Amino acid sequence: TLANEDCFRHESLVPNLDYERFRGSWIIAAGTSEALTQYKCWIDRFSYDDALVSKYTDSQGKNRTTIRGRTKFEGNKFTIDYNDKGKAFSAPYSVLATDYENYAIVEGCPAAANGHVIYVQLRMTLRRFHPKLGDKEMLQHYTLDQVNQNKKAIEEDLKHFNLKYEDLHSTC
């Protein structure tokens, strides 16, 4: 049970998380796990009642990977159950803070992060993302710009969990 989940280390600022406003596509900018640095520019798309599609690449944009799973939310807490494929990422997770529209801070316990990670995600939307002819660093520039537009709010929430953004590994 998520009710009895013991691996979370922090109290959420959004215990009554509105799942419908949190859904959508999110790009992971940075986190506390070195092992997750392998999976670059990770995008999680939460959809409908409980669908999740997650997409990433390696460090040279090679080996594009998609994994698909099912979520279950109880307030801020959610589990993802990936299919066989991506099992290392099936875990409980918890939204620690979000303004819904731009950013979220999330904690979780995947085997792939050696059991624990806190990460910062920015909303990925075609409303803000205009792909161009010839942008080699497409996702990368998006992410940095969106981090930078929301940097005060992100820093304030992180500080609340005894973190600073400059202590996180950059993962896009």
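Don't overthink the numbering: it's just position in the shown sequence, from 1.
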| query | finding |
| --- | --- |
| Between 152-160 and 17-25 (mean CA B-factor, as deposited), the higher | 152-160 |
| Entry-level comparison of average CA B-factors, 82-90 and 98-106, reporting the higher stretch | 82-90 |
| Most elevated Cα B-factor in the entry, residues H116, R64, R128, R45 | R64 |
| Given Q146, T32, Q60, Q121, the residue at which the Cα B factor reaches its maximum | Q60 |
| CA B-factor ranking of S54, expressed as a third of its chain | lowest |
| Modelled-residue ranking by C-alpha temperature factor, third containing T37 | lowest |
